[PDB]
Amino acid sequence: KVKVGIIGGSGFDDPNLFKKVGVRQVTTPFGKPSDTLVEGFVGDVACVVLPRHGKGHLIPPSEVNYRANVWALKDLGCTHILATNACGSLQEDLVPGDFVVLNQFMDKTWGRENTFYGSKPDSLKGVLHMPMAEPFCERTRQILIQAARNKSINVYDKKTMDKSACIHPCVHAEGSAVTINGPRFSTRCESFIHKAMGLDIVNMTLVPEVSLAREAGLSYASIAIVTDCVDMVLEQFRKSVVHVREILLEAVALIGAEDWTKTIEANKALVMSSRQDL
């Protein structure tokens, strides 16, 4: 059966997504997760919620233990991870209040543990070279988008629809993120360069979360929240969180409604075939 883990970013430091059966603390071979995990159900589907930055948002993007977080979710029996990521827009059609179901990224992070495998004592034995050309689980991506349609939230698909048919607030059916290391925001120079490369949004937390999920044999999809006076932004972002929560809840249900036997098996075999030491 499926079990859906949820990694909550900003706006989700302490989310009340459902009636919790209980709070759980776990450990992993790679250290402690960001915080304790909230266990519960969405209908008949098991769900686990984990705040990326910890309840008090005391852990910056570069110091988040992504391995521990993803591995904890794996060990709890999760088959899927849905993640939220607060982001800044680099393109005119992506405005604050919009969401993006990412399908691509460019990595500018460093100093973070980005693989479970290696030759150091603090890692699993072996050399894993994972294909990442299309880094997300496509079935899971499409579920997030269908969830938005189901909650009457506008979906904008730039290859199917013309620019004039972009109606805000909307979920962009695709998009690419540049993930910077942080914690500082980009300079104007950097943003112009990132925009020139054709990137859609900038964030700090997508990588290596997405990579580690694939290493763990888990189906992963990310929904980014465009947030780009402070009180107004908070109100807009608060409004966005309501809709993101709606999307996440519907998506968990949608995942539970389908059979994932072949896809899961494919996830696991992809890990096996990427082992270069074997």
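The numbering used is simple: start at 1 and walk along the sequence shown.
S.K.: Of the other PDB entries compared that resolve residues on either side of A68, does at least a third omit it?
M.R.: It is not, since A68 is included in all of the other entries that model both flanking stretches.
S.K.: Looking at the other compared entries that model both neighbours, is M232 missing coordinates in at least a third of them?
M.R.: Affirmative; at least a third of those entries omit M232.
S.K.: I'd like to know the size of any gap between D228 and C229, counted in deposited residues with no coordinates: none, 1 to 3, 4 to 9, or 10 or more.
M.R.: The entry leaves 10 or more residues without coordinates here.
S.K.: Tell me which of 158-166 and 174-182 has the higher mean C-alpha B-factor in the deposited entry.
M.R.: The entry gives the higher C-alpha B-factor average to 158-166.
S.K.: Take the C-alpha B-factors listed in the entry for 265-273 and for 12-20, compute each mean, and give the stretch with the larger one.
M.R.: Taking the mean C-alpha B-factor of 265-273 and of 12-20, the larger value falls to 12-20.
S.K.: Say you rank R67, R238, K32, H53 by Cα B-factor from the PDB entry; which sits at the top?
M.R.: It is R238.
S.K.: Have a look at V42, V210, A216, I223 and flag the one whose Cα has the highest B-factor in the entry.
M.R.: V42 has the highest C-alpha B-factor of those listed.
S.K.: So where's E138 on the chain's Cα temperature factor ranking, which third?
M.R.: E138: CA B-factor falls in the middle third of its chain.
S.K.: Tell me, lowest, middle or highest third: where does the Cα B factor of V48 rank within its chain?
M.R.: For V48, the deposited C-alpha B-factor lands in the middle third.
S.K.: Ranking the modelled residues of this chain by C-alpha B-factor as given in the entry, is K125 in the lowest, middle or highest third?
M.R.: Answer is highest: the recorded C-alpha B-factor places it there.
S.K.: Using the temperature factors of the C-alpha atoms in this entry, rank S119 within its chain: lowest, middle or highest third.
M.R.: Tercile = highest for this residue's CA B-factor.
S.K.: Can you work out whether the C-alpha temperature factor of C87 puts it in the lowest, middle or highest third of the chain?
M.R.: Lowest third.
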